[PDB]
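> Residue numbers (the deposited numbering): 32 to 149.
Okay, here's the thing in structure tokens:
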């Protein structure tokens with residue numbers, strides 16, 4: 032009864048890693064990617080925590096992500112310090128769909144996707 036909200040079902044199921052997904056969005060929804068990276072850049076002190084959290088999420092089994100989704104609104108310190116820290120992964124179903132459709136074709140672990148100096 033909430034397979035697709037708050038966390039989109041395609042993000043629950045993806046076998047892609049963070050950097051494959053991010054690169055896919057960079058190419059399929061460039062404005063969304065750019066605007067996220069601007070917000071990321073504006074939160075310098077929270078960047079590593081955000082990268083770490085993305086890595087954790089993508090390390091999780093689908094069942095673990097479902098659990099996380101069932102507890103998403105509770106919030107952790109990152110959620111209060113930077114509400115939109117996971118916006119690129121979770122917030123837009125259309126962006127998610129286009130990214131998860133193609134992310135398996137991108138290079139795993141490519142950390143340069145977190146470095147967009149704008």
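Beta carbons are placed, not taken as given, at the ideal position from N, Cα and C, and that holds for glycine.
1) Does the distance from the C-beta atom of residue 42 to that of residue 85 stay below 9 Å?
2) Just mark residue 79 as buried or exposed, buried being the case when its beta carbon has 16 or more other beta carbons within 10 Å.
3) Using 10 angstroms around the beta-carbon of residue 49, count the other beta-carbons present and answer buried if the total reaches 16, otherwise exposed.
4) Less than 9 Å separating the beta-carbons of residue 131 and residue 45?
5) Keeping to the same chain, check which residues put their C-beta closer than 7 Å to that of residue 29; ignore five residues upstream and five downstream.
6) Is residue 63 buried or exposed, if buried means 16 or more other CB atoms sit within 10 Å of its CB?
7) Just to confirm my understanding: we take residue 152, look at its own chain, exclude 5 residues before and 5 after, and list those with CB closer than 7 Å. What are they?
8) Can you tell me which of 136, 97 and 135 puts its alpha carbon nearest to the alpha carbon of residue 34?
9) At what residues does the alpha helix (DSSP H) containing residue 48 begin and finish?
10) Quick check on residue 125: does DSSP put it in helix, strand or coil?
11) Identify whether residue 87 lies in helix, strand or coil by the three-state DSSP scheme.
In brief:
1) no
2) exposed
3) buried
4) yes
5) For the chain, the structure presents residues 32 to 149; residue 29 sits outside this window and is missing.
6) buried
7) No statement about residue 152 is possible, as the shown extent of the chain runs from 32 to 149 and does not include it.
8) 97
9) Element bounds for residue 48: n/a, residue is neither H nor E.
10) helix
11) helix
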